[PDB]
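First up is the structure itself, then whatever we jot down about it.
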Amino acid sequence: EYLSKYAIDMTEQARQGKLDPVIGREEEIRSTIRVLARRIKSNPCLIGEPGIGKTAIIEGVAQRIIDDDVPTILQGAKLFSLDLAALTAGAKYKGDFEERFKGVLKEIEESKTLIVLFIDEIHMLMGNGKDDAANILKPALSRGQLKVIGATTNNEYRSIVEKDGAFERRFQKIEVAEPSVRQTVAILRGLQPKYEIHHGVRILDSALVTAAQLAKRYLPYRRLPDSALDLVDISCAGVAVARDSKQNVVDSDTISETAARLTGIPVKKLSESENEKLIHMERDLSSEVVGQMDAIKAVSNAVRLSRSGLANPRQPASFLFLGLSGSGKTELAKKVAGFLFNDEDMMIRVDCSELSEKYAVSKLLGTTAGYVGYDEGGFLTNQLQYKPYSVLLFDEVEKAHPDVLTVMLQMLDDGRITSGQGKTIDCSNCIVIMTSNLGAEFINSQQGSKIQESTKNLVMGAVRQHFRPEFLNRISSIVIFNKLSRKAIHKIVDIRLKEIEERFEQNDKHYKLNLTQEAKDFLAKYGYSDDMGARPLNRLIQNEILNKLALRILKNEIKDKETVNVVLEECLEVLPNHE
Amino acid sequence: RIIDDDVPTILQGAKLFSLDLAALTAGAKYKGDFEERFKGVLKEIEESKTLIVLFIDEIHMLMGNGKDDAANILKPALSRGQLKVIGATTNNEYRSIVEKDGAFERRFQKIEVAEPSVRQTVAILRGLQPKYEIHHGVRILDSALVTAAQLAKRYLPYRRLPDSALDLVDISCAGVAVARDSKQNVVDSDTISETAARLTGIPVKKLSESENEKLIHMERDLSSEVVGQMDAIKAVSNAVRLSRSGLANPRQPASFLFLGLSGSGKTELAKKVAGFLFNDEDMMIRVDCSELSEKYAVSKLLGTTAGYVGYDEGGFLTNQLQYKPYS
Ligand SMILES: Nc1ncnc2c1ncn2[C@@H]1O[C@H](COP(=O)(O)OP(=O)(O)OP(O)(O)=S)[C@@H](O)[C@H]1O
Ligand SMILES: Nc1ncnc2c1ncn2[C@@H]1O[C@H](COP(=O)(O)OP(=O)(O)OP(O)(O)=S)[C@@H](O)[C@H]1O
Ligand SMILES: Nc1ncnc2c1ncn2[C@@H]1O[C@H](COP(=O)(O)OP(=O)(O)OP(O)(O)=S)[C@@H](O)[C@H]1O
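So the protein sequences, as listed, match chains A and F.
With the authors' numbering as the guide, the letters of the first sequence map in order to residues 165 to 410, 538 to 859, 874 to 884.
With the authors' numbering as the guide, the letters of the second sequence map in order to residues 228 to 410, 538 to 681.
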């Protein structure tokens with residue numbers, strides 16, 4: 165009985181129970197059975213992607229077999245899971261494993277009721293150059309009963325039959341696929357007592373639902389049975405630790548924290564501190580963003596939609612930041628990331644001046660099949676696979692070549708971002724920002740520092756001249772970055788010096804910062820041009836103030852309360882010591 | 228446990244015998260003598276004088292070399308009559324037993340036997356401590372036993388603890404007696547740490563008397579020959595310094611990546627390091643990374659599995675590291 169030395173008697177296990185319940189797979193089972201009930205080519209296959217119930221089906225049919233819920237032909241049949249050592253026990257001496265394979269088929273073929281094999285991984289037999297290379301040992305007898313149910317993913321399947329050509333003329337593919345979200349829940353429910361027993365915890369029914377929905381909207385690279393079950397099992401393990409520490540899987544908190552840990556995506560965590568969350572961010576940003584509350588609100592609005600689920604699952608929120616050059620809109624994208632992730636450097640960004648029709652799409656998403664370089668994902672999906680929710684930033688997107696600009700439509704809506712190798716990324720809870728200086732021409736009208744009605748349409752005009760309407764009409768919001776003028780820049784300067792103090796290495800020296808009109812004007816006069824915007828306010832602060840005082844610090848001429856003043874372009878700040 | 232009566236009386240009344248080998252090889256000429264040799268054993272085993280349990284320490288040496296009905300058939304054939312047999316086999320051998328016979332899997336109860344932890348190992352060593360002290364006429368420090376088990380776990384990965392720890396104890400005890408009785539006790543450090551190093555290599559466990567003539571001179575001499583790159587020399591010397599006494603992480607090789615202008619000594623330093631470490635530059639294991647393809651790149655270093663043209667695995671790494679632990 166060679167079979168008993170290599171295979172697992174699934175029937176015996178089923179006879180003894182020790183199997184999971186099988187949920188919703190009745191039709192895959194019916195099809196499997198129907199093929200097995202055939203006169204000749206009774207060789208069905210369970211085919212799809214990993215983690216979709218392919219072996220569940222077998223436990224299922226094993227149970228149907230035990231209970232005679234099968235056709236006459238199968239009523240008394242038995243089933244064995246083989247593979248494994250059948251191909252490797254014969255580690256030495258030519259023809260040894262071949263003899264086993266044959267002996268097994270002989271054992272199966274003769275007399276002993278109807279025996280059905282289950283091949284878990286038919287691709288492992290493959291037919292490695294045929295010429296007696298394992299899989300090739302079968303075909304001679306595929307008509308001679310020796311019924312067998314196979315299993316393989318579509319990639320594996322396609323590889324086998326393309327290279328072989330006979331198996332696809334001998335076997336009956338049965339599509340096996342992930343369940344709907346509700347069906348997934350039913351599955352999770354069926355396995356619920358298994359996990360509850362092994363971990364000693366309860367699972368809320370709503371946790372099963374959350375895991376099913378979450379998996380569908382969280383893990384694009386894992387099929388629902390495994391994906392949702394892992395969310396359940398991983399969560400159960402976490403709960404078991406809590407149980408042991410001194538419980539159940541909490542739909543909201545166990546699963547959300549587990550998910551937050553596993554991947555991130557702020558939306559899946561959603562903090563309960565509503566009094567401040569999604570409120571305070573505008574104030575935090577206001578300090579960074581002086582005057583331009585309009586941009587803050589535009590962003591904050593999208594952030595608020597993603598939280599609590601108002602945002603559309605397939606529409607990553609996205610903005611186009613138009614405006615006065617030097618407006619500070621890039622830092623805004625980082626400061627938003629600051630709030631969103633408690634990480635200003637979470638983002639992925641692309642320098643769009645590097646883009647050309649000759650290569651840009653591949654620089655962004657990676658090259659395709661047969662071409663040099665497999666840096667799949669290029670600048671972008673290469674990184675999305677690690678941080679699906681990171682903020683995306685397109686520096687000077689206005690300079691991006693129009694073809695790659697068009698590819699970026701995927702970020703804006705119908706979020707099926709793909710990779711050059713024919714793979715799918717899928718973005719949802721991912722805020723995307725693109726930048727342009729087109730609004731500068733209208734902001735520079737100076738008709739109030741705030742861009743006004745009508746003039747903002749002139750901006751849209753400039754935008755239509757550079758961006759296709761196909762892009763523009765799909766942006767969550769197009770935001771215009773206004774003139775800061777003297778009032779904002781006086782505040783920006785006071786603020787920049789403050790914010791620098793807080794981050795100026797250590798608070799050992801401290802500042803007075805009494806700029807007085809002299810230094811406020813220096814920074815606001817020889818700095819903030821409308822076309823340089825705030826860029827020079829920071830540069831003068833660093834080039835003249837932080838630098839000269841730093842040099843005095845290095846000489847140990849400064850001990851306490853540093854001040855700022857000017858010579859009176875010769876002003877150049879030029880600050881005294883503070884020893 | 229039987230003579231001490233820690234065994235159910237059902238079994239306690241039994242006698243235990245170590246069999247095989249001569250049991251078969253005593254005969255030769257005369258076909259069937261082999262069966263005649265197993266046959267009266269397999270009768271006397273139950274003939275009034277209690278039940279005798281046979282011990283086949285190496286079950287895997289039964290079954291038959293090409294089967295040949297080499298009296299192995301007597302076992303299954305008679306196995307219904309108790310005739311209890313206890314045996315043993317290596318994990319690897321068990322696989323062979325099962326595949327070769329089948330019936331043995333059905334007749335025997337497989338039992339996994341665990342490797343002890345260092346803590347458990349030391350307890351074992353303590354039990355045997357007096358045997359070695361008596362056998363050699365030397366004493367053993369308790370910390371020495373701890374050291375042997377702990378040290379072995381870290382520096383004898385090819386040998387399981389029940390043996391590795393004892394090898395260090397027995398070898399060390401002999402080292403003490405041997406030196407003594409040439410033309538005392540086993541010291542955790544001065545005897546075992548040093549003994550293991552003499553056996554396995556690992557200079558850091560020699561607990562050398564001088565980090566001047568091992569580290570200091572290293573920086574000087576590497577600097578004497580390699581001019582400039584002082585930064586690198588110190589980086590290596592310091593990384594090496596951390597391995598002293600085993601302070602460095604038990605799972606991480608000293609490791610460097612040398613970047614820089616060609617002609618700056620990126621490999622010359624490495625040779626000089628070997629020049630210091632083994633007192634010989636040629637003891638460095640050069641890995642020809644210049645020739646790599648993902649389809650050969652690993653295999654030439656680590657070799658391949660059975661069934662592939664040529665086994666002689668390990669071209670550059672396995673074949674050297676198995677013999678040179680601190681290369
Ligand atoms: N009704 C079910 N019965 C048993 N297992 C289930 C069931 N539903 C989901 N599963 C999970 O799926 C696993 C086995 O089912 P599959 O999705 O076929 O996994 P698989 O991909 O067949 O396994 P391989 O060997 O990688 S194909 C189990 O270990 C469970 O975690
Ligand atoms: N309205 C604003 N929004 C954001 N940051 C601002 C604003 N006004 C001033 N800043 C400050 O200006 C600096 C950020 O400037 P950057 O974003 O590098 O310049 P930029 O205008 O983004 O350059 P671009 O976007 O390529 S034209 C920070 O120090 C901000 O605190
Ligand atoms: N700092 C140095 N002091 C003394 N001799 C040196 C020094 N650097 C290099 N040399 C000599 O020049 C060669 C340096 O050899 P290598 O270290 O291989 O050069 P390299 O940079 O390794 O070459 P590659 O291609 O990067 S391996 C040796 O043959 C030494 O004789």
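Cβ atoms here follow ideal geometry from the backbone N, Cα and C, with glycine treated the same way.
{"Query": "8 Å Cβ cutoff, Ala255(A) in contact with chain F", "Result": "yes"}
{"Query": "Beta carbon of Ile187(A) nearer than 8 Å to that of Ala304(A)", "Result": "no"}
{"Query": "Classification of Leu596(F) by the beta-carbon crowding that lies within 10 angstroms, buried from 16 upward", "Result": "exposed"}
{"Query": "4 or more residues per run - each alpha helix (DSSP H) lying fully within the segment 233 to 310 of chain A", "Result": "260 to 273"}
{"Query": "Cβ-based neighbour list, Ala608(F), same chain, cut-off 8 Å, excluding 5 preceding and 5 following", "Result": "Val590, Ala593, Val594, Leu596, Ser597 and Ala602"}
{"Query": "Candidates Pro604(A), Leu210(A) and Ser547(A): closest to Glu285(A) by CA position", "Result": "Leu210(A)"}
{"Query": "Cβ-heavy atom distance, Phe733(A) to ligand 2, below 7 Å", "Result": "no"}
{"Query": "Pair within 8 Å by beta-carbon distance, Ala249(A) and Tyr170(A)", "Result": "yes"}
{"Query": "Local Cβ density within 10 Å of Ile230(F), reported as buried at 16 or more and exposed below that", "Result": "exposed"}
{"Query": "Any chain A beta carbon closer than 8 Å to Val663(F)", "Result": "no"}
{"Query": "Helix, strand or coil at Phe670(A) [DSSP, three-state]", "Result": "coil"}
{"Query": "Check: residue 886(A) C-beta below 7 Å from any heavy atom of ligand 1", "Result": "Nothing can be reported for residue 886(A): it is not among the residues displayed for chain A, which extend from 165 to 884."}
{"Query": "Exposure of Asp542(A), with buried meaning 16 or more beta-carbon neighbours within 10 Å", "Result": "buried"}
{"Query": "First through last residue of the beta strand (DSSP E) which encompasses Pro557(F)", "Result": "Counting along the chain, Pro557(F) falls outside any beta strand (DSSP E), and DSSP gives it neither H nor E."}
{"Query": "Interface partners of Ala660(F) on chain A, CB under 8 Å", "Result": "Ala255 and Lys256"}
{"Query": "Buried or exposed by the 16-neighbour rule on C-beta atoms within 10 Å, applied to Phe265(F)", "Result": "buried"}
{"Query": "Completely contained beta strand (DSSP E) runs for the segment 174 to 230 of chain A, where each covers 3 or more residues", "Result": "208 to 212"}
{"Query": "Proximity winner among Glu835(A), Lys568(A) and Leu368(A), relative to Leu631(A) (alpha-carbon distances)", "Result": "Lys568(A)"}
{"Query": "Between the CA atoms of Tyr382(F) and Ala586(F) - distance to the nearest angstrom", "Result": "28 Å"}
{"Query": "Chain A within 8 Å of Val396(F), Cβ atoms only", "Result": "no"}
{"Query": "Nearest-angstrom Cβ-Cβ length linking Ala178(A) and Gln227(A), presumed shorter than 8 Å", "Result": "5 Å"}
{"Query": "Minimum Cβ-Cβ distance from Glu326(F) to chain A less than 8 Å", "Result": "yes"}
{"Query": "Cβ contact check for the segment 717 to 727 of chain A and the segment 683 to 699 of chain A: 3 or more pairs under 8 Å", "Result": "yes"}
{"Query": "Segment limits, beta strand (DSSP E) that includes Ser727(A)", "Result": "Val723 to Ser727"}
{"Query": "Reduced DSSP category for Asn539(A) - H, G, I as helix; E, B as strand; rest coil", "Result": "strand"}
{"Query": "Positions along the segment 302 to 331 of chain F whose CB lies within less than 9 Å of some CB in chain A", "Result": "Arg322, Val325, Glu326 and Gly329"}
{"Query": "Chain F contacts from the segment 167 to 186 of chain A (Cβ-Cβ distance under 7 Å)", "Result": "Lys169"}
{"Query": "Alpha-carbon spacing of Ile546(A) relative to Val365(A), whole angstroms", "Result": "14 Å"}
{"Query": "Inter-stretch contact (C-beta, 8 Å, three-pair minimum) for the segment 816 to 824 of chain A and the segment 844 to 854 of chain A", "Result": "no"}
{"Query": "Rounded distance between the beta-carbons of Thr549(F) and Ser399(F), thought under 8 Å", "Result": "5 Å"}
{"Query": "Any residue whose CB is nearer than 6 Å to a heavy atom belonging to ligand 3, listed in chain order", "Result": "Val580(F), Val581(F), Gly582(F), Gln583(F), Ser616(F), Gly617(F), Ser618(F), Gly619(F), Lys620(F), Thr621(F) and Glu622(F)"}
{"Query": "Sufficient close CB pairs (3 or more, under 8 Å) joining the segment 761 to 771 of chain A to the segment 802 to 815 of chain A", "Result": "no"}
{"Query": "Inter-residue Cα distance where the pair is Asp408(A) and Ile361(A)", "Result": "14 Å"}
{"Query": "Three-state class that DSSP yields for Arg353(F) in the structure shown", "Result": "helix"}
{"Query": "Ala825(A) Cβ short of 7 Å to ligand 4 heavy atom set", "Result": "As far as ligands go, the structure on display features ligand 1, ligand 2 and ligand 3 and does not contain ligand 4."}
{"Query": "Those residues which DSSP pairs with residue 149(A) across a bridge", "Result": "Chain A is shown only over 165 to 884; residue 149(A) falls outside these bounds and no answer can be derived."}
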